[PDB]
$ cat target_34.pdb   # PDB, C-alpha atoms
ATOM      1  CA  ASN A   9       0.000   0.000   0.000  1.00  0.00           C
ATOM      2  CA  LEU A  10       0.935   3.670  -0.444  1.00  0.00           C
ATOM      3  CA  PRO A  11       2.469   5.225   2.681  1.00  0.00           C
ATOM      4  CA  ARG A  12       0.467   7.788   4.601  1.00  0.00           C
ATOM      5  CA  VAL A  13       2.553  10.324   6.536  1.00  0.00           C
ATOM      6  CA  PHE A  14       1.831  13.500   8.517  1.00  0.00           C
ATOM      7  CA  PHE A  15       3.115  16.848   9.766  1.00  0.00           C
ATOM      8  CA  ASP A  16       1.656  18.615  12.788  1.00  0.00           C
ATOM      9  CA  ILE A  17       2.203  22.313  12.086  1.00  0.00           C
ATOM     10  CA  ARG A  18       2.694  25.204  14.487  1.00  0.00           C
ATOM     11  CA  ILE A  19       2.465  28.749  13.064  1.00  0.00           C
ATOM     12  CA  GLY A  20       3.920  31.289  15.525  1.00  0.00           C
ATOM     13  CA  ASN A  21       2.304  30.648  18.930  1.00  0.00           C
ATOM     14  CA  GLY A  22      -0.555  28.441  17.686  1.00  0.00           C
ATOM     15  CA  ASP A  23      -1.064  24.849  16.604  1.00  0.00           C
ATOM     16  CA  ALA A  24      -2.367  24.920  13.020  1.00  0.00           C
ATOM     17  CA  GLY A  25      -3.435  21.288  12.538  1.00  0.00           C
ATOM     18  CA  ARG A  26      -2.233  18.182  10.701  1.00  0.00           C
ATOM     19  CA  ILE A  27      -1.225  17.752   7.053  1.00  0.00           C
ATOM     20  CA  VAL A  28      -1.637  14.173   5.814  1.00  0.00           C
ATOM     21  CA  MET A  29       0.240  13.101   2.690  1.00  0.00           C
ATOM     22  CA  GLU A  30      -0.003   9.997   0.493  1.00  0.00           C
ATOM     23  CA  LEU A  31       3.335   8.962  -1.045  1.00  0.00           C
ATOM     24  CA  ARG A  32       3.494   7.425  -4.497  1.00  0.00           C
ATOM     25  CA  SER A  33       5.763   4.470  -3.719  1.00  0.00           C
ATOM     26  CA  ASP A  34       4.213   2.687  -6.728  1.00  0.00           C
ATOM     27  CA  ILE A  35       5.884   5.211  -9.086  1.00  0.00           C
ATOM     28  CA  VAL A  36       8.859   6.641  -7.184  1.00  0.00           C
ATOM     29  CA  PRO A  37       9.716   4.089  -4.477  1.00  0.00           C
ATOM     30  CA  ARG A  38      13.184   5.528  -3.645  1.00  0.00           C
ATOM     31  CA  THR A  39      11.921   9.121  -3.401  1.00  0.00           C
ATOM     32  CA  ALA A  40       8.844   8.076  -1.405  1.00  0.00           C
ATOM     33  CA  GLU A  41      11.002   6.049   1.020  1.00  0.00           C
ATOM     34  CA  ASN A  42      13.348   9.020   1.585  1.00  0.00           C
ATOM     35  CA  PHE A  43      10.410  11.244   2.568  1.00  0.00           C
ATOM     36  CA  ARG A  44       8.679   8.590   4.701  1.00  0.00           C
ATOM     37  CA  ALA A  45      11.920   7.830   6.591  1.00  0.00           C
ATOM     38  CA  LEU A  46      12.579  11.526   7.192  1.00  0.00           C
ATOM     39  CA  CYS A  47       9.011  11.793   8.557  1.00  0.00           C
ATOM     40  CA  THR A  48       9.515   8.944  11.051  1.00  0.00           C
ATOM     41  CA  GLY A  49      13.153   9.828  11.794  1.00  0.00           C
ATOM     42  CA  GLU A  50      14.017   6.112  11.592  1.00  0.00           C
ATOM     43  CA  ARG A  51      17.533   6.763  10.234  1.00  0.00           C
ATOM     44  CA  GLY A  52      18.462   9.154  13.079  1.00  0.00           C
ATOM     45  CA  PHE A  53      17.466  12.435  11.425  1.00  0.00           C
ATOM     46  CA  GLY A  54      14.513  14.027   9.692  1.00  0.00           C
ATOM     47  CA  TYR A  55      11.806  16.640   9.596  1.00  0.00           C
ATOM     48  CA  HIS A  56      10.998  16.703  13.316  1.00  0.00           C
ATOM     49  CA  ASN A  57      11.213  20.345  14.464  1.00  0.00           C
ATOM     50  CA  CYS A  58      12.092  21.490  10.928  1.00  0.00           C
ATOM     51  CA  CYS A  59      10.456  24.526   9.342  1.00  0.00           C
ATOM     52  CA  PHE A  60       8.898  25.879   6.178  1.00  0.00           C
ATOM     53  CA  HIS A  61      11.300  28.593   5.051  1.00  0.00           C
ATOM     54  CA  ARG A  62       9.300  29.763   2.011  1.00  0.00           C
ATOM     55  CA  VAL A  63       5.568  30.421   1.850  1.00  0.00           C
ATOM     56  CA  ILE A  64       4.241  32.036  -1.338  1.00  0.00           C
ATOM     57  CA  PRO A  65       0.448  32.355  -1.167  1.00  0.00           C
ATOM     58  CA  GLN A  66      -1.289  30.692  -4.156  1.00  0.00           C
ATOM     59  CA  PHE A  67       1.953  29.163  -5.398  1.00  0.00           C
ATOM     60  CA  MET A  68       3.720  26.852  -2.922  1.00  0.00           C
ATOM     61  CA  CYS A  69       5.297  26.327   0.467  1.00  0.00           C
ATOM     62  CA  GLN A  70       8.793  24.892   0.840  1.00  0.00           C
ATOM     63  CA  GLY A  71      10.479  23.229   3.820  1.00  0.00           C
ATOM     64  CA  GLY A  72      12.656  20.319   4.913  1.00  0.00           C
ATOM     65  CA  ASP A  73      16.054  21.939   5.481  1.00  0.00           C
ATOM     66  CA  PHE A  74      16.761  20.257   8.819  1.00  0.00           C
ATOM     67  CA  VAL A  75      20.547  20.680   8.579  1.00  0.00           C
ATOM     68  CA  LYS A  76      20.910  24.457   8.029  1.00  0.00           C
ATOM     69  CA  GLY A  77      17.300  25.608   8.573  1.00  0.00           C
ATOM     70  CA  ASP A  78      17.296  28.228   5.801  1.00  0.00           C
ATOM     71  CA  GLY A  79      17.022  26.412   2.469  1.00  0.00           C
ATOM     72  CA  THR A  80      20.747  26.110   1.776  1.00  0.00           C
ATOM     73  CA  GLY A  81      21.036  22.572   3.148  1.00  0.00           C
ATOM     74  CA  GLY A  82      19.603  19.133   3.800  1.00  0.00           C
ATOM     75  CA  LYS A  83      20.425  15.472   3.312  1.00  0.00           C
ATOM     76  CA  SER A  84      18.724  12.313   2.146  1.00  0.00           C
ATOM     77  CA  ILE A  85      18.723   8.786   3.555  1.00  0.00           C
ATOM     78  CA  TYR A  86      20.912   7.961   0.506  1.00  0.00           C
ATOM     79  CA  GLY A  87      23.551  10.600   1.254  1.00  0.00           C
ATOM     80  CA  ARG A  88      23.929  14.349   0.734  1.00  0.00           C
ATOM     81  CA  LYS A  89      22.176  14.124  -2.629  1.00  0.00           C
ATOM     82  CA  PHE A  90      20.404  11.547  -4.805  1.00  0.00           C
ATOM     83  CA  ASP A  91      19.375  11.154  -8.463  1.00  0.00           C
ATOM     84  CA  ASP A  92      16.079  12.227  -9.992  1.00  0.00           C
ATOM     85  CA  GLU A  93      14.194   8.922  -9.854  1.00  0.00           C
ATOM     86  CA  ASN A  94      11.757   9.651 -12.702  1.00  0.00           C
ATOM     87  CA  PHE A  95       9.418  12.367 -13.935  1.00  0.00           C
ATOM     88  CA  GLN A  96       6.346  10.179 -14.406  1.00  0.00           C
ATOM     89  CA  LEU A  97       4.115  12.188 -12.041  1.00  0.00           C
ATOM     90  CA  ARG A  98       2.955  15.716 -12.904  1.00  0.00           C
ATOM     91  CA  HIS A  99       2.424  18.847 -10.785  1.00  0.00           C
ATOM     92  CA  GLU A 100      -1.332  18.465 -11.362  1.00  0.00           C
ATOM     93  CA  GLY A 101      -2.900  20.875  -8.881  1.00  0.00           C
ATOM     94  CA  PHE A 102      -3.304  21.749  -5.226  1.00  0.00           C
ATOM     95  CA  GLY A 103      -1.376  19.687  -2.720  1.00  0.00           C
ATOM     96  CA  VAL A 104       1.148  18.014  -5.015  1.00  0.00           C
ATOM     97  CA  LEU A 105       4.333  17.100  -3.136  1.00  0.00           C
ATOM     98  CA  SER A 106       7.635  17.462  -4.999  1.00  0.00           C
ATOM     99  CA  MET A 107      11.408  17.590  -4.397  1.00  0.00           C
ATOM    100  CA  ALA A 108      13.213  20.913  -4.263  1.00  0.00           C
ATOM    101  CA  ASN A 109      16.644  20.846  -5.936  1.00  0.00           C
ATOM    102  CA  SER A 110      19.546  22.907  -7.336  1.00  0.00           C
ATOM    103  CA  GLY A 111      19.511  21.271 -10.771  1.00  0.00           C
ATOM    104  CA  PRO A 112      19.485  17.712 -12.132  1.00  0.00           C
ATOM    105  CA  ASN A 113      20.139  14.907  -9.618  1.00  0.00           C
ATOM    106  CA  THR A 114      20.482  17.086  -6.494  1.00  0.00           C
ATOM    107  CA  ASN A 115      17.600  15.819  -4.326  1.00  0.00           C
ATOM    108  CA  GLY A 116      18.196  16.050  -0.582  1.00  0.00           C
ATOM    109  CA  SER A 117      15.542  16.578   2.062  1.00  0.00           C
ATOM    110  CA  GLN A 118      13.944  19.832   0.917  1.00  0.00           C
ATOM    111  CA  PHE A 119      10.483  19.541  -0.606  1.00  0.00           C
ATOM    112  CA  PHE A 120       7.579  21.757  -1.569  1.00  0.00           C
ATOM    113  CA  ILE A 121       3.792  21.553  -1.666  1.00  0.00           C
ATOM    114  CA  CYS A 122       2.143  23.410  -4.580  1.00  0.00           C
ATOM    115  CA  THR A 123      -1.110  25.215  -3.870  1.00  0.00           C
ATOM    116  CA  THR A 124      -1.881  25.589  -7.585  1.00  0.00           C
ATOM    117  CA  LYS A 125      -1.241  23.636 -10.809  1.00  0.00           C
ATOM    118  CA  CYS A 126       2.506  24.388 -10.953  1.00  0.00           C
ATOM    119  CA  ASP A 127       2.817  22.518 -14.290  1.00  0.00           C
ATOM    120  CA  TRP A 128       5.773  24.615 -15.518  1.00  0.00           C
ATOM    121  CA  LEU A 129       7.777  22.646 -12.907  1.00  0.00           C
ATOM    122  CA  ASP A 130       7.164  19.319 -14.697  1.00  0.00           C
ATOM    123  CA  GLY A 131      10.457  17.685 -15.746  1.00  0.00           C
ATOM    124  CA  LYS A 132      12.422  19.819 -13.296  1.00  0.00           C
ATOM    125  CA  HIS A 133      11.258  18.548  -9.907  1.00  0.00           C
ATOM    126  CA  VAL A 134      10.415  14.955  -8.997  1.00  0.00           C
ATOM    127  CA  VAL A 135       6.794  14.653  -7.864  1.00  0.00           C
ATOM    128  CA  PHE A 136       6.316  11.909  -5.265  1.00  0.00           C
ATOM    129  CA  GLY A 137       2.999  12.409  -3.458  1.00  0.00           C
ATOM    130  CA  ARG A 138       0.008  14.564  -2.592  1.00  0.00           C
ATOM    131  CA  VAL A 139      -1.723  16.136   0.394  1.00  0.00           C
ATOM    132  CA  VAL A 140      -4.828  14.036   1.095  1.00  0.00           C
ATOM    133  CA  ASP A 141      -6.007  15.769   4.298  1.00  0.00           C
ATOM    134  CA  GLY A 142      -5.306  19.077   6.012  1.00  0.00           C
ATOM    135  CA  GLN A 143      -5.490  21.179   2.861  1.00  0.00           C
ATOM    136  CA  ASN A 144      -6.809  23.876   5.232  1.00  0.00           C
ATOM    137  CA  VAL A 145      -3.533  23.670   7.208  1.00  0.00           C
ATOM    138  CA  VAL A 146      -1.437  24.228   4.081  1.00  0.00           C
ATOM    139  CA  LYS A 147      -3.716  27.193   3.294  1.00  0.00           C
ATOM    140  CA  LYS A 148      -3.392  28.589   6.871  1.00  0.00           C
ATOM    141  CA  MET A 149       0.324  29.005   6.254  1.00  0.00           C
ATOM    142  CA  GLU A 150      -0.493  31.815   3.776  1.00  0.00           C
ATOM    143  CA  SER A 151      -1.209  34.097   6.752  1.00  0.00           C
ATOM    144  CA  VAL A 152       2.547  34.337   7.377  1.00  0.00           C
ATOM    145  CA  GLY A 153       3.660  34.158   3.736  1.00  0.00           C
ATOM    146  CA  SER A 154       4.376  36.811   1.114  1.00  0.00           C
ATOM    147  CA  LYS A 155       4.779  37.198  -2.660  1.00  0.00           C
ATOM    148  CA  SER A 156       8.567  37.079  -2.150  1.00  0.00           C
ATOM    149  CA  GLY A 157       8.205  33.889  -0.067  1.00  0.00           C
ATOM    150  CA  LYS A 158       9.602  35.392   3.130  1.00  0.00           C
ATOM    151  CA  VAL A 159       7.976  33.830   6.200  1.00  0.00           C
ATOM    152  CA  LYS A 160       6.757  36.298   8.857  1.00  0.00           C
ATOM    153  CA  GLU A 161       6.472  33.912  11.833  1.00  0.00           C
ATOM    154  CA  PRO A 162       7.987  30.439  12.419  1.00  0.00           C
ATOM    155  CA  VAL A 163       6.137  27.629  10.626  1.00  0.00           C
ATOM    156  CA  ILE A 164       7.367  24.535  12.440  1.00  0.00           C
ATOM    157  CA  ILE A 165       6.839  20.825  11.903  1.00  0.00           C
ATOM    158  CA  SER A 166       6.138  20.159  15.619  1.00  0.00           C
ATOM    159  CA  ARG A 167       5.630  16.444  15.042  1.00  0.00           C
ATOM    160  CA  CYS A 168       5.778  14.082  12.090  1.00  0.00           C
ATOM    161  CA  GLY A 169       5.455  10.388  11.302  1.00  0.00           C
ATOM    162  CA  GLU A 170       3.560   7.657   9.513  1.00  0.00           C
ATOM    163  CA  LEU A 171      -0.065   6.609   9.934  1.00  0.00           C
ATOM    164  CA  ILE A 172      -1.794   3.259   9.436  1.00  0.00           C
TER     165      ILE A 172
END
$ encode --input "target_34.pdb" --output "structure tokens"
Amino acid sequence: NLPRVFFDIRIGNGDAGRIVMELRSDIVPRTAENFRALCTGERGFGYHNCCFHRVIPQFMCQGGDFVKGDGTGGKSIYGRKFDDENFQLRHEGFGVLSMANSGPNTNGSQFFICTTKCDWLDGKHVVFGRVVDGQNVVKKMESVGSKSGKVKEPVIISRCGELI
């Protein structure tokens, strides 16, 4: 079955709710496993207490830099970087989960959730899942976002893991 994982989000001084994501292990098993393992922290590191460092309302939110905390870092379960697995899945609309990168074959831990059909990103970023619940929580993050992407208050992954 396809893994189901979650983030509990805190925006500034308030709990925002839970984002639930389904990971497409049927299409991108390596990329899905990286994300799932970073959610559970099973390898000794992951998204626990990490932040979203970019929030652009009506475009996307980006997070997952647990090494440097600012979007300049991160690491995968496979090492500092790993190859683009495939580009079989498209950025089809709200809630699509995809890997941030600095060019071909530079996947680490950083990821983004699109809040629109970011189809111009197809063939550049590996899509590996989708938000299936807590779309409202992703949308709540816009309250501290901006057109530039600068985040006004901390958006923290307070808790993360895998669900049955």
$ resolve_selection --input "target_34.pdb" --expression "the PyMOL selection byres ((chain A and resi 49-52) around 12)" --output "PDB file with C-alpha atoms, in the coordinates of the input"
ATOM      1  CA  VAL A  13       2.553  10.324   6.536  1.00  0.00           C
ATOM      2  CA  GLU A  41      11.002   6.049   1.020  1.00  0.00           C
ATOM      3  CA  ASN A  42      13.348   9.020   1.585  1.00  0.00           C
ATOM      4  CA  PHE A  43      10.410  11.244   2.568  1.00  0.00           C
ATOM      5  CA  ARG A  44       8.679   8.590   4.701  1.00  0.00           C
ATOM      6  CA  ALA A  45      11.920   7.830   6.591  1.00  0.00           C
ATOM      7  CA  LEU A  46      12.579  11.526   7.192  1.00  0.00           C
ATOM      8  CA  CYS A  47       9.011  11.793   8.557  1.00  0.00           C
ATOM      9  CA  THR A  48       9.515   8.944  11.051  1.00  0.00           C
ATOM     10  CA  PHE A  53      17.466  12.435  11.425  1.00  0.00           C
ATOM     11  CA  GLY A  54      14.513  14.027   9.692  1.00  0.00           C
ATOM     12  CA  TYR A  55      11.806  16.640   9.596  1.00  0.00           C
ATOM     13  CA  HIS A  56      10.998  16.703  13.316  1.00  0.00           C
ATOM     14  CA  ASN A  57      11.213  20.345  14.464  1.00  0.00           C
ATOM     15  CA  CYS A  58      12.092  21.490  10.928  1.00  0.00           C
ATOM     16  CA  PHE A  74      16.761  20.257   8.819  1.00  0.00           C
ATOM     17  CA  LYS A  83      20.425  15.472   3.312  1.00  0.00           C
ATOM     18  CA  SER A  84      18.724  12.313   2.146  1.00  0.00           C
ATOM     19  CA  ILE A  85      18.723   8.786   3.555  1.00  0.00           C
ATOM     20  CA  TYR A  86      20.912   7.961   0.506  1.00  0.00           C
ATOM     21  CA  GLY A  87      23.551  10.600   1.254  1.00  0.00           C
ATOM     22  CA  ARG A 167       5.630  16.444  15.042  1.00  0.00           C
ATOM     23  CA  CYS A 168       5.778  14.082  12.090  1.00  0.00           C
ATOM     24  CA  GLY A 169       5.455  10.388  11.302  1.00  0.00           C
ATOM     25  CA  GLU A 170       3.560   7.657   9.513  1.00  0.00           C
TER      26      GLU A 170
END
$ residues_around --input "target_34.pdb" --residues "region 21-24 of chain A" --least-positions-apart "2" --cutoff "12 Å" --atoms "all atoms listed in the file" --output "number ranges by chain"
A: 15-19, 26-27, 142-151, 161-167
$ resolve_selection --input "target_34.pdb" --expression "the PyMOL selection byres ((chain A and resi 93-109) around 10)" --output "ChimeraX atom specification"
/A:27,29-32,35-39,43,66-72,79,89-92,110-143,146-147
$ write_last_selection --input "target_34.pdb" --atoms "C-alpha atoms" --output "PDB file, in the frame of the given file"
ATOM      1  CA  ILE A  27      -1.225  17.752   7.053  1.00  0.00           C
ATOM      2  CA  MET A  29       0.240  13.101   2.690  1.00  0.00           C
ATOM      3  CA  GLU A  30      -0.003   9.997   0.493  1.00  0.00           C
ATOM      4  CA  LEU A  31       3.335   8.962  -1.045  1.00  0.00           C
ATOM      5  CA  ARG A  32       3.494   7.425  -4.497  1.00  0.00           C
ATOM      6  CA  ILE A  35       5.884   5.211  -9.086  1.00  0.00           C
ATOM      7  CA  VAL A  36       8.859   6.641  -7.184  1.00  0.00           C
ATOM      8  CA  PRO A  37       9.716   4.089  -4.477  1.00  0.00           C
ATOM      9  CA  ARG A  38      13.184   5.528  -3.645  1.00  0.00           C
ATOM     10  CA  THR A  39      11.921   9.121  -3.401  1.00  0.00           C
ATOM     11  CA  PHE A  43      10.410  11.244   2.568  1.00  0.00           C
ATOM     12  CA  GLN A  66      -1.289  30.692  -4.156  1.00  0.00           C
ATOM     13  CA  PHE A  67       1.953  29.163  -5.398  1.00  0.00           C
ATOM     14  CA  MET A  68       3.720  26.852  -2.922  1.00  0.00           C
ATOM     15  CA  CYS A  69       5.297  26.327   0.467  1.00  0.00           C
ATOM     16  CA  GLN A  70       8.793  24.892   0.840  1.00  0.00           C
ATOM     17  CA  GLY A  71      10.479  23.229   3.820  1.00  0.00           C
ATOM     18  CA  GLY A  72      12.656  20.319   4.913  1.00  0.00           C
ATOM     19  CA  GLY A  79      17.022  26.412   2.469  1.00  0.00           C
ATOM     20  CA  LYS A  89      22.176  14.124  -2.629  1.00  0.00           C
ATOM     21  CA  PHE A  90      20.404  11.547  -4.805  1.00  0.00           C
ATOM     22  CA  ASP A  91      19.375  11.154  -8.463  1.00  0.00           C
ATOM     23  CA  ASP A  92      16.079  12.227  -9.992  1.00  0.00           C
ATOM     24  CA  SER A 110      19.546  22.907  -7.336  1.00  0.00           C
ATOM     25  CA  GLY A 111      19.511  21.271 -10.771  1.00  0.00           C
ATOM     26  CA  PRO A 112      19.485  17.712 -12.132  1.00  0.00           C
ATOM     27  CA  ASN A 113      20.139  14.907  -9.618  1.00  0.00           C
ATOM     28  CA  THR A 114      20.482  17.086  -6.494  1.00  0.00           C
ATOM     29  CA  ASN A 115      17.600  15.819  -4.326  1.00  0.00           C
ATOM     30  CA  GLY A 116      18.196  16.050  -0.582  1.00  0.00           C
ATOM     31  CA  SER A 117      15.542  16.578   2.062  1.00  0.00           C
ATOM     32  CA  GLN A 118      13.944  19.832   0.917  1.00  0.00           C
ATOM     33  CA  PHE A 119      10.483  19.541  -0.606  1.00  0.00           C
ATOM     34  CA  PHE A 120       7.579  21.757  -1.569  1.00  0.00           C
ATOM     35  CA  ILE A 121       3.792  21.553  -1.666  1.00  0.00           C
ATOM     36  CA  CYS A 122       2.143  23.410  -4.580  1.00  0.00           C
ATOM     37  CA  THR A 123      -1.110  25.215  -3.870  1.00  0.00           C
ATOM     38  CA  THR A 124      -1.881  25.589  -7.585  1.00  0.00           C
ATOM     39  CA  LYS A 125      -1.241  23.636 -10.809  1.00  0.00           C
ATOM     40  CA  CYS A 126       2.506  24.388 -10.953  1.00  0.00           C
ATOM     41  CA  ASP A 127       2.817  22.518 -14.290  1.00  0.00           C
ATOM     42  CA  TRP A 128       5.773  24.615 -15.518  1.00  0.00           C
ATOM     43  CA  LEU A 129       7.777  22.646 -12.907  1.00  0.00           C
ATOM     44  CA  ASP A 130       7.164  19.319 -14.697  1.00  0.00           C
ATOM     45  CA  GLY A 131      10.457  17.685 -15.746  1.00  0.00           C
ATOM     46  CA  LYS A 132      12.422  19.819 -13.296  1.00  0.00           C
ATOM     47  CA  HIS A 133      11.258  18.548  -9.907  1.00  0.00           C
ATOM     48  CA  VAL A 134      10.415  14.955  -8.997  1.00  0.00           C
ATOM     49  CA  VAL A 135       6.794  14.653  -7.864  1.00  0.00           C
ATOM     50  CA  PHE A 136       6.316  11.909  -5.265  1.00  0.00           C
ATOM     51  CA  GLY A 137       2.999  12.409  -3.458  1.00  0.00           C
ATOM     52  CA  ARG A 138       0.008  14.564  -2.592  1.00  0.00           C
ATOM     53  CA  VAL A 139      -1.723  16.136   0.394  1.00  0.00           C
ATOM     54  CA  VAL A 140      -4.828  14.036   1.095  1.00  0.00           C
ATOM     55  CA  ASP A 141      -6.007  15.769   4.298  1.00  0.00           C
ATOM     56  CA  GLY A 142      -5.306  19.077   6.012  1.00  0.00           C
ATOM     57  CA  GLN A 143      -5.490  21.179   2.861  1.00  0.00           C
ATOM     58  CA  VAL A 146      -1.437  24.228   4.081  1.00  0.00           C
ATOM     59  CA  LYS A 147      -3.716  27.193   3.294  1.00  0.00           C
TER      60      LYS A 147
END
$ atom_distance --input "target_34.pdb" --atom1 "CA of residue 60 (chain A)" --atom2 "CA of residue 171 (chain A)"
21.6 Å
$ atom_distance --input "target_34.pdb" --atom1 "CA of residue 154 (chain A)" --atom2 "CA of residue 20 (chain A)"
15.4 Å
$ atom_distance --input "target_34.pdb" --atom1 "CA of residue 33 (chain A)" --atom2 "CA of residue 172 (chain A)"
15.2 Å
$ axis_aligned_box --input "target_34.pdb" --around "region 69-77 of chain A" --padding-each-side "4 Å" --output "AutoDock Vina command-line options"
--center_x 13.1 --center_y 23.3 --center_z 4.6 --size_x 23.6 --size_y 14.1 --size_z 16.4
$ closest_residue --input "target_34.pdb" --among "A:64, A:59, A:159, A:40" --to "residue 77 (chain A)" --atoms "all atoms listed in the file"
A:59
